[PDB]
């Protein structure tokens, strides 16, 4: 009763799922790239997409296609690397699905079902880009974007807010009230710090006047909420901010969940600028202080990751983006970065390498002549050494 075409395609999918991944020749001394994505639309199990029944699907047509797999939350759970992937259906709605592997760079396979995330209202059209936090209160929190129609004459006009849900296993989710930020009508790129700050739940936020353009909103905010089960933030203290003629000029936002180090919170974030071709997204780092996490204590000039080779092209070209990283006990760091809103990659680094990058890459000299003086200082050091 299973269509004859299924077995051959299932065998091909199994081959893909198991395919080795290889470190490429890319080098910057900070992280490694890999030949293949860790997740693509073709990693979604065939029986999530095809009706296997030859009676009701005689031609074995794809009934529910997958358009893209990207922007994934990431966490280590019972010694497996777990990705809470943003999966965009053929119908253009995204949903979460979990893939796991015993390796950080290959072999990811989706669980039996996608994520059932309870809706709070009847007009939640999309949910996306979940950041996962292993919180000291004992829960795993997912903080994600919730998008609703604005209900105006402009059909494309939408409103973003931060959803909050918690879990022990990434299968069973308790949906808490959406975050309220008293000083901003919309939020995106919100993420929860793993530790209390002054006994409160602490977030990096991103206040926005609109759905695309931020305001008013000058950068990544830091905010405190008394109660995660009724989360309300008032003040949003600016941390890493938009700066003219830098990678963060148009807007910026937190990326991966804040990473705890002895030297501060390592924030792998994204910056946006406008070009003749549209918006360009890159990934950068900044470190915030442990006792004062609204205070930036390191921010290199420029980017850490930008679209490279085949990363440059996809549904939304000229974009790399991350909302997930995994840190192993030995200090290995797996940065899951998507490209062009289409596919998901991994970059492999370490805490020592990322901290050296963050603290020892020169700060942005901001103006061309000072940038040259800065680079000439380096050249002169090297020439002496030679």
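Numbering follows the first chain given and starts at 1.
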For this session: On mean C-alpha B-factor from the PDB entry, just flag whether 116 to 124 or 307 to 315 is the higher one.
Result: 116 to 124
Exercise. Is the mean CA B factor in the deposited entry higher across 178 to 186 or across 68 to 76?
Worked result: 178 to 186
Exercise. Going by the entry, which of 129, 157, 88, 147 has the most elevated CA B factor?
Worked result: 157
Problem set entry | Residue with maximal Cα B-factor (values as given in the PDB entry) among 323, 28, 342, 360 | 360
For this session: Tell me, lowest, middle or highest third: where does the Cα B factor of residue 60 rank within its chain?
Result: middle
For this session: Among all modelled residues of this chain, ranked by Cα B factor, put residue 219 in the bottom, middle or top third, i.e. lowest, middle or highest.
Result: highest
For this session: Check where residue 54 lands among this chain's C-alpha B-factors and tell me if it's the lowest, middle or highest third.
Result: highest
Exercise. Which third, lowest, middle or highest, does the CA B-factor of residue 16 fall in along this chain?
Worked result: middle
Seminar exercise, completed: Entry-reported C-alpha B-factor of residue 102 relative to its chain, by third, is middle
